[PDB]
Structure formats: C-alpha cells, structure tokens
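Have a look at query-v5.pdb; it's PDB, C-alpha atoms:
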```
ATOM      1  CA  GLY A  21      60.044 -46.071  63.337  1.00  0.00           C
ATOM      2  CA  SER A  22      56.992 -45.200  61.277  1.00  0.00           C
ATOM      3  CA  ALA A  23      56.139 -47.355  58.283  1.00  0.00           C
ATOM      4  CA  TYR A  24      57.450 -44.683  55.928  1.00  0.00           C
ATOM      5  CA  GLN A  25      60.694 -44.342  57.874  1.00  0.00           C
ATOM      6  CA  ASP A  26      61.267 -48.107  57.655  1.00  0.00           C
ATOM      7  CA  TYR A  27      60.394 -48.074  53.953  1.00  0.00           C
ATOM      8  CA  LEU A  28      62.913 -45.278  53.374  1.00  0.00           C
ATOM      9  CA  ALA A  29      65.599 -47.017  55.390  1.00  0.00           C
ATOM     10  CA  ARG A  30      65.089 -50.309  53.513  1.00  0.00           C
ATOM     11  CA  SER A  31      65.480 -48.561  50.166  1.00  0.00           C
ATOM     12  CA  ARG A  32      68.713 -46.961  51.362  1.00  0.00           C
ATOM     13  CA  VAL A  33      70.028 -50.299  52.660  1.00  0.00           C
ATOM     14  CA  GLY A  34      69.319 -51.738  49.223  1.00  0.00           C
ATOM     15  CA  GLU A  35      71.283 -48.932  47.581  1.00  0.00           C
ATOM     16  CA  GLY A  36      74.154 -49.570  49.986  1.00  0.00           C
ATOM     17  CA  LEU A  37      74.221 -53.275  49.166  1.00  0.00           C
ATOM     18  CA  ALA A  38      74.413 -52.438  45.475  1.00  0.00           C
ATOM     19  CA  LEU A  39      77.451 -50.296  46.301  1.00  0.00           C
ATOM     20  CA  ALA A  40      78.996 -53.276  48.100  1.00  0.00           C
ATOM     21  CA  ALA A  41      78.695 -55.415  44.961  1.00  0.00           C
ATOM     22  CA  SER A  42      82.060 -54.017  43.847  1.00  0.00           C
ATOM     23  CA  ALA A  43      83.674 -55.523  46.954  1.00  0.00           C
ATOM     24  CA  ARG A  44      82.075 -58.902  46.332  1.00  0.00           C
ATOM     25  CA  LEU A  45      83.364 -58.641  42.755  1.00  0.00           C
ATOM     26  CA  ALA A  46      86.886 -57.944  44.011  1.00  0.00           C
ATOM     27  CA  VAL A  47      86.808 -60.904  46.400  1.00  0.00           C
ATOM     28  CA  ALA A  48      85.630 -63.274  43.675  1.00  0.00           C
ATOM     29  CA  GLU A  49      88.267 -62.080  41.194  1.00  0.00           C
ATOM     30  CA  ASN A  50      91.002 -62.452  43.803  1.00  0.00           C
ATOM     31  CA  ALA A  51      89.779 -65.946  44.692  1.00  0.00           C
ATOM     32  CA  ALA A  52      90.035 -66.956  41.039  1.00  0.00           C
ATOM     33  CA  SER A  53      93.646 -65.757  40.850  1.00  0.00           C
ATOM     34  CA  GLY A  54      94.809 -66.956  44.269  1.00  0.00           C
ATOM     35  CA  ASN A  55      95.386 -63.476  45.717  1.00  0.00           C
ATOM     36  CA  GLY A  56      94.435 -61.946  49.034  1.00  0.00           C
ATOM     37  CA  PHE A  57      90.756 -61.202  48.944  1.00  0.00           C
ATOM     38  CA  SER A  58      91.007 -57.432  49.462  1.00  0.00           C
ATOM     39  CA  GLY A  59      93.827 -57.088  46.916  1.00  0.00           C
ATOM     40  CA  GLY A  60      93.270 -54.112  44.639  1.00  0.00           C
ATOM     41  CA  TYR A  61      90.119 -53.049  46.502  1.00  0.00           C
ATOM     42  CA  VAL A  62      89.489 -49.876  48.443  1.00  0.00           C
ATOM     43  CA  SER A  63      86.210 -48.809  50.032  1.00  0.00           C
ATOM     44  CA  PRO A  64      84.187 -46.238  48.066  1.00  0.00           C
ATOM     45  CA  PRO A  65      84.140 -42.748  49.577  1.00  0.00           C
ATOM     46  CA  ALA A  66      81.471 -42.301  52.231  1.00  0.00           C
ATOM     47  CA  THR A  67      77.931 -41.677  50.987  1.00  0.00           C
ATOM     48  CA  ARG A  68      74.978 -40.450  52.991  1.00  0.00           C
ATOM     49  CA  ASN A  69      73.820 -44.081  53.269  1.00  0.00           C
ATOM     50  CA  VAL A  70      77.114 -46.000  53.679  1.00  0.00           C
ATOM     51  CA  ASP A  71      79.926 -45.080  56.030  1.00  0.00           C
ATOM     52  CA  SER A  72      82.313 -47.811  54.867  1.00  0.00           C
ATOM     53  CA  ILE A  73      82.658 -51.138  53.112  1.00  0.00           C
ATOM     54  CA  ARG A  74      85.528 -53.307  54.247  1.00  0.00           C
ATOM     55  CA  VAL A  75      86.885 -56.589  52.957  1.00  0.00           C
ATOM     56  CA  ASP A  76      88.719 -59.128  55.089  1.00  0.00           C
ATOM     57  CA  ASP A  77      91.875 -60.156  53.233  1.00  0.00           C
ATOM     58  CA  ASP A  78      91.861 -63.730  54.573  1.00  0.00           C
ATOM     59  CA  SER A  79      88.195 -64.726  54.533  1.00  0.00           C
ATOM     60  CA  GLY A  80      86.678 -62.368  51.997  1.00  0.00           C
ATOM     61  CA  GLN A  81      83.915 -61.443  54.408  1.00  0.00           C
ATOM     62  CA  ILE A  82      82.520 -57.976  53.853  1.00  0.00           C
ATOM     63  CA  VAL A  83      81.137 -55.582  56.453  1.00  0.00           C
ATOM     64  CA  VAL A  84      78.792 -52.868  55.180  1.00  0.00           C
ATOM     65  CA  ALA A  85      78.381 -50.055  57.711  1.00  0.00           C
ATOM     66  CA  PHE A  86      75.370 -47.790  57.246  1.00  0.00           C
ATOM     67  CA  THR A  87      75.142 -44.195  58.417  1.00  0.00           C
ATOM     68  CA  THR A  88      73.030 -42.917  61.311  1.00  0.00           C
ATOM     69  CA  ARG A  89      70.428 -41.692  58.813  1.00  0.00           C
ATOM     70  CA  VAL A  90      69.766 -45.389  58.094  1.00  0.00           C
ATOM     71  CA  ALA A  91      70.271 -46.932  61.567  1.00  0.00           C
ATOM     72  CA  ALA A  92      71.885 -46.086  64.896  1.00  0.00           C
ATOM     73  CA  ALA A  93      75.569 -46.592  65.645  1.00  0.00           C
ATOM     74  CA  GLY A  94      76.228 -50.160  66.782  1.00  0.00           C
ATOM     75  CA  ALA A  95      72.970 -51.204  65.074  1.00  0.00           C
ATOM     76  CA  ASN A  96      74.000 -50.508  61.466  1.00  0.00           C
ATOM     77  CA  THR A  97      75.968 -53.379  59.905  1.00  0.00           C
ATOM     78  CA  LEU A  98      75.352 -56.148  57.393  1.00  0.00           C
ATOM     79  CA  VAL A  99      77.886 -58.897  56.733  1.00  0.00           C
ATOM     80  CA  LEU A 100      78.337 -60.716  53.425  1.00  0.00           C
ATOM     81  CA  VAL A 101      80.039 -64.117  53.717  1.00  0.00           C
ATOM     82  CA  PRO A 102      81.572 -65.979  50.735  1.00  0.00           C
ATOM     83  CA  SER A 103      82.093 -69.718  50.575  1.00  0.00           C
ATOM     84  CA  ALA A 104      83.039 -72.373  48.044  1.00  0.00           C
ATOM     85  CA  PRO A 105      81.959 -75.984  47.553  1.00  0.00           C
ATOM     86  CA  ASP A 106      84.250 -78.862  48.408  1.00  0.00           C
ATOM     87  CA  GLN A 107      83.873 -79.879  44.714  1.00  0.00           C
ATOM     88  CA  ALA A 108      81.777 -78.313  41.954  1.00  0.00           C
ATOM     89  CA  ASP A 109      79.798 -81.404  40.830  1.00  0.00           C
ATOM     90  CA  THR A 110      77.343 -82.853  43.375  1.00  0.00           C
ATOM     91  CA  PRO A 111      79.021 -80.977  46.252  1.00  0.00           C
ATOM     92  CA  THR A 112      79.286 -82.301  49.805  1.00  0.00           C
ATOM     93  CA  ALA A 113      79.891 -79.305  52.118  1.00  0.00           C
ATOM     94  CA  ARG A 114      80.811 -75.602  52.050  1.00  0.00           C
ATOM     95  CA  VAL A 115      84.122 -74.045  53.086  1.00  0.00           C
ATOM     96  CA  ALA A 116      85.405 -70.553  53.755  1.00  0.00           C
ATOM     97  CA  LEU A 117      87.687 -69.034  51.169  1.00  0.00           C
ATOM     98  CA  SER A 118      91.368 -69.938  51.372  1.00  0.00           C
ATOM     99  CA  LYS A 119      94.005 -67.287  50.689  1.00  0.00           C
ATOM    100  CA  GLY A 120      96.347 -68.532  47.986  1.00  0.00           C
ATOM    101  CA  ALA A 121      94.104 -71.298  46.643  1.00  0.00           C
ATOM    102  CA  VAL A 122      92.991 -70.916  43.027  1.00  0.00           C
ATOM    103  CA  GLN A 123      89.221 -71.137  43.368  1.00  0.00           C
ATOM    104  CA  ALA A 124      87.655 -73.064  40.481  1.00  0.00           C
ATOM    105  CA  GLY A 125      84.243 -73.682  42.040  1.00  0.00           C
ATOM    106  CA  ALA A 126      81.790 -70.803  42.046  1.00  0.00           C
ATOM    107  CA  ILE A 127      81.612 -68.600  45.124  1.00  0.00           C
ATOM    108  CA  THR A 128      78.318 -68.282  46.983  1.00  0.00           C
ATOM    109  CA  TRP A 129      77.496 -65.148  49.003  1.00  0.00           C
ATOM    110  CA  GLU A 130      75.303 -65.230  52.108  1.00  0.00           C
ATOM    111  CA  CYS A 131      73.980 -62.064  53.765  1.00  0.00           C
ATOM    112  CA  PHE A 132      73.530 -61.729  57.537  1.00  0.00           C
ATOM    113  CA  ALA A 133      71.615 -59.130  59.561  1.00  0.00           C
ATOM    114  CA  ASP A 134      71.136 -58.939  63.311  1.00  0.00           C
ATOM    115  CA  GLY A 135      69.492 -62.067  64.687  1.00  0.00           C
ATOM    116  CA  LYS A 136      70.490 -64.407  61.866  1.00  0.00           C
ATOM    117  CA  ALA A 137      72.263 -66.878  64.127  1.00  0.00           C
ATOM    118  CA  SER A 138      72.886 -69.658  61.597  1.00  0.00           C
ATOM    119  CA  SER A 139      73.472 -70.051  57.893  1.00  0.00           C
ATOM    120  CA  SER A 140      70.431 -70.909  55.771  1.00  0.00           C
ATOM    121  CA  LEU A 141      72.462 -72.257  52.856  1.00  0.00           C
ATOM    122  CA  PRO A 142      70.992 -75.378  51.187  1.00  0.00           C
ATOM    123  CA  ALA A 143      72.713 -78.486  49.869  1.00  0.00           C
ATOM    124  CA  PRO A 144      75.699 -78.834  49.811  1.00  0.00           C
ATOM    125  CA  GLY A 145      75.449 -77.414  53.380  1.00  0.00           C
ATOM    126  CA  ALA A 146      75.681 -74.491  55.766  1.00  0.00           C
ATOM    127  CA  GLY A 147      78.087 -71.674  55.026  1.00  0.00           C
ATOM    128  CA  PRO A 148      80.433 -69.923  57.443  1.00  0.00           C
ATOM    129  CA  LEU A 149      79.123 -67.460  59.992  1.00  0.00           C
ATOM    130  CA  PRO A 150      80.023 -63.754  60.199  1.00  0.00           C
ATOM    131  CA  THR A 151      83.258 -63.097  62.039  1.00  0.00           C
ATOM    132  CA  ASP A 152      81.978 -59.667  63.107  1.00  0.00           C
ATOM    133  CA  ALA A 153      78.376 -59.896  64.265  1.00  0.00           C
ATOM    134  CA  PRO A 154      76.082 -57.815  62.047  1.00  0.00           C
ATOM    135  CA  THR A 155      73.874 -55.392  63.898  1.00  0.00           C
ATOM    136  CA  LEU A 156      71.421 -53.886  61.393  1.00  0.00           C
ATOM    137  CA  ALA A 157      67.887 -54.838  62.360  1.00  0.00           C
ATOM    138  CA  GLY A 158      66.520 -57.592  60.160  1.00  0.00           C
ATOM    139  CA  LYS A 159      63.402 -55.608  59.287  1.00  0.00           C
ATOM    140  CA  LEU A 160      65.591 -53.044  57.536  1.00  0.00           C
ATOM    141  CA  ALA A 161      67.494 -55.673  55.508  1.00  0.00           C
ATOM    142  CA  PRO A 162      66.434 -57.723  52.470  1.00  0.00           C
ATOM    143  CA  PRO A 163      64.630 -60.941  53.396  1.00  0.00           C
ATOM    144  CA  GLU A 164      67.597 -63.202  52.619  1.00  0.00           C
ATOM    145  CA  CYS A 165      69.614 -61.431  55.341  1.00  0.00           C
ATOM    146  CA  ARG A 166      67.124 -62.137  58.127  1.00  0.00           C
ATOM    147  CA  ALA A 167      66.781 -65.067  60.531  1.00  0.00           C
TER     148      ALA A 167
END
```
Step by step, read the file and then write its structure as structure tokens.
Amino acid sequence: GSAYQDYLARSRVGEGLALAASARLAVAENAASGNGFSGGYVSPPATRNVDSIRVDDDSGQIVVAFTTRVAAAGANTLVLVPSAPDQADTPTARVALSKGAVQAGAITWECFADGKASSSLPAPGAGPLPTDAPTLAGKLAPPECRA
C-alpha cells in the first residue's frame, strides 16, 4: 500500500525472519549429527507477525508464514532453502540436504520470495528451489529474497 505501510510490513517481515533463525539453527545442528532436519524443533507460538514456521524433515526447507497484518492469505510466505557443497574445498556444485548423512561441509541458506524463479547462488553453483512456492511479495522481503 502506502510507503509507510510497506515500510512497516518490511520491518515486521524482518522480525519474523529473525524468529525463523531458530529453525535454521535446528536444521543445521541436525545435519551435523545425521538426524532428521526437524528433529527436536517445534514452531514458536503464533505472534502478531508470524502465523507459523515449519521445517521439512527431509530437505530442511523452512516455510515462514506471515499474518494478514503483514500480507494477505496466499500472499504471505517466504521459503528458506539449505544446501551443502559437494566438497568443502574448491567446491563443484550444490546439493540438497540428505537425511542421515553427517554433514561436514557448511550449510548455505537461500531465501525466496514470490517471483524468485531461480537460485542466485554463486560458485560452486545454483542451490535447490523451494518445494512450496513462496508467495510474499518481493517488495516486502529483504533484497536477497527477491528475483
């Protein structure tokens, strides 16, 4: 809407992504120990900015769902995608996380908003795409989430 309304919404999206850091933490810790990526993790209680944060147990992808005070229903999600290198010295490509593998290489997170149709990850290569299409408008998301 108005410039102030977008400014307010962007600040709230930023707060919601800080909340989701605990899910990205859980995924990375589970990757290091070879456990399912949502193991030990439960979404925080709803806030007035974030309806839910969910973690896929097999890919580690995270869906952050914002409330209607941030964006409309069906237009309110960001997706955070983790990936690992094929090898952690001069890497060749990027792969989705593998349940049960002990992940030595560091895990890279890529954010996706609506309209980001492809990964922007640099060398060693493109990362995986969101399984569930994110629907939050790019102008409400941080720049790294946008197309």
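Against this structure, the PyMOL selection byres ((chain A and resi 58-72) around 7) ends up with residues 32, 36, 43, 46, 47, 50, 55, 56, 57, 73, 74, 75, 76, 77, 84, 85, 86, 87, 89 and 90 of chain A.
Evaluated against this file, the PyMOL selection byres ((chain A and resi 107) around 12) yields residues 103, 104, 105, 106, 108, 109, 110, 111, 112, 113, 114, 115, 123, 124, 125, 126, 127 and 144 of chain A.
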Would you mind listing what lies within 9 Å of residue A:53 as a PyMOL selection string, with all atoms listed in the file counted and same-chain residues fewer than 4 positions away left out? chain A and resi 48-49+120-123
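Residue nearest residue A:40, chosen from A:21, A:82, A:155, A:161 and counting only C-alpha atoms: A:82.
We find atom CA of residue A:81 and atom CA of residue A:27 to be spaced 27.1 Å apart.
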Which residues, written as a ChimeraX atom specification, have at least one atom at most 8 Å from residue A:136, with only C-alpha atoms counted and residues fewer than 5 positions away on the same chain left out? /A:165-167
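Straight-line separation from atom CA of residue A:42 to atom CA of residue A:135: 25.6 Å.
What separates atom CA of residue A:96 from atom CA of residue A:117 is a distance of 25.2 Å.
When all atoms listed in the file are used to measure the gap to residue A:133, the shortest distance among A:88, A:97, A:79, A:118 belongs to A:97.
Proximity to residue A:119 was assessed for A:52, A:45, A:38, A:23 counting only C-alpha atoms; the smallest distance is recorded for A:52.
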